[PDB]
Ligand SMILES: Nc1ccc2c(c1)c(-c1ccccc1)[n+](CCCCCCc1cnnn1CCNc1c3c(nc4ccccc14)CCCC3)c1cc(N)ccc21
């Protein structure tokens, strides 16, 4: 042990770890990468809840990111930064249950607020080791302890035969919960305050954060939550038990597996990981965007009822949440199989291409409901205009899947006692490689929250760097105090809480905070109040 940095040896419940001193623009940070938190969910453990990592002897090397959970690697535009940056940057393995910790260097003398990141990727992809989730900046600049975990995705994480012992569903959420217990027991060793833990996440990550809010055992493992561009309620983040059974069964069938649940699961198990991935998209009931095959299941266990029912009837008195959306939630989804759309042209579509796109975006919808969406999203002054049709298509997808589900999460937590803060993120990164027409696409605020623009080698404007500092300040102020506003700062414009009466939220851009009212109030009344009833009859 004798000749290495004394500031990088830490013990956890499972044994000794050696971390790595990393360089950040302002100075050094401690990182402890690839800490096993669960027994490898391999072999007979596939589809099964995670078991706590057994203790090891000797010093575990925690200097590098560990394997990414098995997943479909995106190949829409091979070589393209815009898609590759989300693709796994470590080898794929079922042995993937590891978490990462960044802390100031030297580690803080007094108990520090902890941020826990949960990545998105439609519950079928993603990794805590992606460049855009690098905790070094928040660690260094804000003095925060940042934890991020891998969790199982796709079949391995969410395939369920509800009611069975061998494949209960929701195990990917259980991986996340186990990483949270790991933080409770171990984060004090790194100088984190386990009594001050904020979850934050984007997309499926946000939806996950939301499910932890709505699940009893998880509630005791954190104090605050941030949901970025995603919600537990909504059309994509969950499935009924019935539907999850249908999908598991169909996939079983597609890989050559037959009648009860034990035999079926044993057979799946058995199957090479790649075979499962290769067939997962085939189980979707309709041609669709923003829908994913294997997602959290309403099991009557982890989720005791539908997220809708739980937000309508829950008590959220002691909760504080920060929630928000980006300007162009839907645009990215269009290039993934809406005919008409491409990254390499303006995507000026036709009316036919729009009606076709609406069916794909609202899958789900009877002929009448589709007519409603179309009528509501058509500009009747220019009903044939390709620019507007392209933007309406984007908005349809963005509104239905993200903006409007966020609109109620907020309105609904607020009506039941939560302190809520809402934002629209409106800045397009100067470094962004998607075309202009896509505006500010799903996921493109994360790099700012994590303070990447502070890395001078990244070529961000000045400007964008000051902006990244502001957001980091809002987020860690929220983590620290349940309120993004600067306590001492007299002059800087206030971020008011979202309420049902005033419906206030802020724009996050290069200009100072501007308070707007109503989150697409008029349009979200369509998706949240009218469409459901139209779908009944
Ligand atoms: N021929 C085949 C064979 C197998 C599969 C195929 C196609 C497709 C497909 C590809 C193109 C068009 C239509 C379908 N998808 C569906 C992909 C749909 C992905 C939608 C975009 C998205 C949403 N959340 N995560 N992602 C994946 C990419 N990661 C991103 C992320 C984020 N933001 C963005 C923004 C732009 C581009 C990507 C992206 C932010 C959060 C995390 C990931 C699959 C999905 C599967 N689970 C398995 C197989 C296949």
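Numbering (PDB author numbering), first residue to last: 1 to 258, 264 to 542.
From the three backbone atoms N, C-alpha and C, an ideal C-beta is built for every residue, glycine too.
* Asked: What's the gap between the Cα of residue 146 and the Cα of residue 101?
  -> Position 146 of the chain shown, counted from the start, is the residue given in the question as residue 146. Position 101 of the chain shown, counted from the start, is the residue given in the question as residue 101. Spanning the two alpha carbons is a distance of roughly 6 Å.
* Give the DSSP bridge partners of residue 195, in chain order. => If you number the chain shown from 1, residue 195 lands on position 195. DSSP, once it has assigned bridges, lists no residue as partnering residue 195.
* Does the distance from the CB of residue 125 to the CB of residue 176 come in under 8 Å? -> Taking the chain shown and counting its residues from 1, one reaches residue 125 at position 125. Taking the chain shown and counting its residues from 1, one reaches residue 176 at position 176. Result no, Cβ atoms of residue 125 and residue 176 do not sit closer than 8 Å.
* Hey, is residue 285 close to ligand 1, as in C-beta under 7 Å from one of its heavy atoms? -> In the chain shown, residue 285 corresponds to position 280, counting from 1. Residue 285 Cβ: within cutoff of ligand 1.
* With a threshold of 16 other CB atoms inside 10 Å of the CB of residue 33, please say whether the residue is buried or exposed. => Counting from one through the chain shown, the residue named residue 33 turns up at place 33. With 16 or more Cβ atoms within 10 Å of its Cβ, residue 33 is classed as buried.
* **8 Å Cβ cutoff met for residue 190 and residue 64** => Counting from 1 along the chain shown, the entry for residue 190 is found at position 190. Counting from 1 along the chain shown, the entry for residue 64 is found at position 64. Taking 8 Å as the Cβ cut-off, residue 190 and residue 64 do not qualify as a contacting pair.
* Asked: Over what stretch of residues does the beta strand (DSSP E) that includes residue 512 continue unbroken?
  -> Counting from 1 along the chain shown, the entry for residue 512 is found at position 507. From DSSP, the beta strand (DSSP E) with residue 512 extends over 509-513.
* To do: Indicate whether residue 422 and residue 505 have their beta-carbon atoms separated by less than 8 Å.
  => Within the chain shown, numbered from 1, the residue matching residue 422 stands at position 417. Within the chain shown, numbered from 1, the residue matching residue 505 stands at position 500. The Cβ atoms of residue 422 and residue 505 do not sit closer than 8 Å to each other.
* To do: Take residue 29 and list the residues in its own chain whose beta-carbon comes closer than 6 Å to its own, dropping the five residues that flank it on each side.
  => Residue numbering aside, residue 29 sits at position 29 when the chain shown is read from its first letter. 22, 102, 105, 136, 139 and 140, listed in sequence order.
* Taking the beta strand (DSSP E) that residue 428 falls in, what are its first and last residues? -> Within the chain shown, numbered from 1, the residue matching residue 428 stands at position 423. Looking at the DSSP string, the run of the beta strand (DSSP E) that includes residue 428 is 424-430.
* Report the option in 441, 537 and 92 whose CA atom is closest to the CA atom of residue 129. => Your numbering for residue 129 matches position 129 in the chain shown. Here the closest residue by C-alpha is 92.
* To do: Tell me whether residue 345 counts as near ligand 1, meaning its Cβ is closer than 7 Å to at least one heavy atom of that ligand.
  => Looking up residue 345 in the chain shown gives position 340. The answer is no for residue 345.
* Asked: DSSP beta-bridge partners for residue 89?
  -> As a working note, residue 89 is residue 89 in the chain shown. Partner(s): none; residue 89 has no beta bridge.
* Asked: Counting along the chain, where does the beta strand (DSSP E) carrying residue 61 start and finish?
  -> Working through the chain shown from its first residue, we reach residue 61 at position 61. Taken as a continuous stretch (DSSP letters only), the beta strand (DSSP E) holding residue 61 covers 59-61.
* Is residue 149 closer than 8 Å to residue 173 when the C-beta atoms are compared? -> Counting from one through the chain shown, the residue named residue 173 turns up at place 173. Counting from one through the chain shown, the residue named residue 149 turns up at place 149. No, Cβ-Cβ distance for residue 173 and residue 149 is not below 8 Å.
* Can you find a heavy atom of ligand 1 that lies under 7 Å from the Cβ of residue 298? -> Indexing the chain shown from 1 puts residue 298 at position 293. Because some heavy atom of ligand 1 lies under 7 Å away, the Cβ of residue 298 counts as near it: yes.
* Taking 7 Å as the cut-off, is the CB of residue 82 close to at least one heavy atom of ligand 1? -> Stepping through the chain shown from its first residue, residue 82 is reached at position 82. Shortest gap from the CB of residue 82 to any heavy atom of ligand 1: under 7 Å.
* Asked: Buried or exposed: residue 219, going by 16 or more other Cβ atoms within 10 Å of its Cβ?
  -> Residue 219 sits at position 219 when you count from the first residue of the chain shown. Exposed.
* Local Cβ density within 10 Å of residue 469, reported as buried at 16 or more and exposed below that -> Start at 1 with the first residue of the chain shown, and residue 469 comes out as number 464. Buried.
* Under 6 Å Cβ to Cβ from residue 382, same chain only, skipping five residues before and after it: list those, please. => Stepping through the chain shown from its first residue, residue 382 is reached at position 377. Non-local C-beta neighbours of residue 382 in its own chain, meaning closer than 6 Å and more than five positions away in sequence, comprise 397 and 401, ordered along the chain.
* Hey, quick one: how far does the alpha helix (DSSP H) through residue 522 stretch, first residue to last? -> For the purposes of this step, residue 522 is identified with residue 517 of the chain shown, where counting begins at 1. Bounds of any alpha helix (DSSP H) do not take in residue 522; it lies within the beta strand (DSSP E) bounded by 519-522.
* Assign residue 144 to one of two classes, buried (16 or more other C-beta atoms within 10 Å of its C-beta) or exposed (fewer than that). => Here the question's residue 144 lines up with position 144 in the chain shown. Residue 144 is buried by the Cβ-count criterion.
* Asked: Can you tell me whether residue 507 is buried or exposed, with buried defined as 16 or more other CB within 10 angstroms of its CB?
  -> For the purposes of this step, residue 507 is taken as the residue at position 502 of the chain shown. Exposed is the call here.
* the segment 282-297 in contact with the segment 192-199 per 3-pair CB rule at 8 Å -> Between the segment 282-297 and the segment 192-199 there are fewer than three inter-stretch CB-CB distances shorter than 8 Å, so the stretches are not counted as touching.
* Asked: Cβ-heavy atom distance between residue 338 and ligand 1 below 7 Å?
  -> Along the chain shown, one-based indexing puts residue 338 at 333. Within the cutoff, so yes.
* Asked: Between the segment 329-337 and the segment 438-450, do three or more beta carbon pairs fall short of 8 Å?
  -> Between the segment 329-337 and the segment 438-450, the count of Cβ pairs shorter than 8 Å is three or higher; the stretches touch.
* Asked: In this structure, does DSSP put residue 151 in helix, strand or coil?
  -> Within the chain shown, the letter at position 151 stands for residue 151. Residue 151: coil per DSSP, three-state reduction.
* What separation, rounded to the nearest whole angstrom, lies between the Cα atoms of residue 232 and residue 342? -> Locating residue 232 in the chain shown gives position 232, where the first residue counts as 1. Locating residue 342 in the chain shown gives position 337, where the first residue counts as 1. The alpha-carbon atoms of residue 232 and residue 342 are separated by roughly 25 Å.
* Asked: In its own chain, which residues sit with a C-beta less than 7 Å from the C-beta of residue 244, not counting the 5 before and 5 after it?
  -> The residue given as residue 244 occupies position 244 in the chain shown. Answer for residue 244: 160, 162, 169 and 302, listed in chain order.
* Asked: Does the pairing of the segment 453-468 with the segment 350-359 give three or more beta-carbon distances under 8 Å?
  -> With a cut-off of 8 Å, the segment 350-359 and the segment 453-468 do not count as touching, because too few Cβ pairs lie within range.
* Asked: Do residue 410 and residue 234 have their CB atoms nearer than 8 Å?
  -> Along the chain shown, one-based indexing puts residue 410 at 405. Along the chain shown, one-based indexing puts residue 234 at 234. Between residue 410 and residue 234, the C-beta gap is smaller than 8 Å, which places the two residues in contact.
* Which word fits residue 389, buried or exposed, when buried means at least 16 other C-beta atoms lie within 10 angstroms of its C-beta? -> In the chain shown, residue 389 corresponds to position 384, counting from 1. Counting Cβ neighbours within 10 Å, residue 389 comes out exposed, since fewer than 16 surround it.
* Environment of residue 516 [buried if 16+ CB atoms lie within 10 Å] -> By one-based count along the chain shown, residue 516 stands at place 511. With a threshold of 16 other beta carbon atoms within 10 Å, residue 516 falls short and is exposed.
* Asked: Taking the alpha helix (DSSP H) that residue 391 falls in, what are its first and last residues?
  -> For the purposes of this step, residue 391 is identified with residue 386 of the chain shown, where counting begins at 1. According to the DSSP assignment, residue 391 belongs to the alpha helix (DSSP H) that extends over 391-403.
* Separation of residue 510 from residue 522, as counted between CA atoms -> Looking up residue 522 in the chain shown gives position 517. Looking up residue 510 in the chain shown gives position 505. Here the C-alpha atom of residue 522 lies approximately 6 Å from the C-alpha atom of residue 510.
* To do: Determine, using beta-carbon pairs with one atom in the segment 45-60 and one in the segment 7-17, whether at least three such pairs fall under 8 Å.
  => These segments touch.
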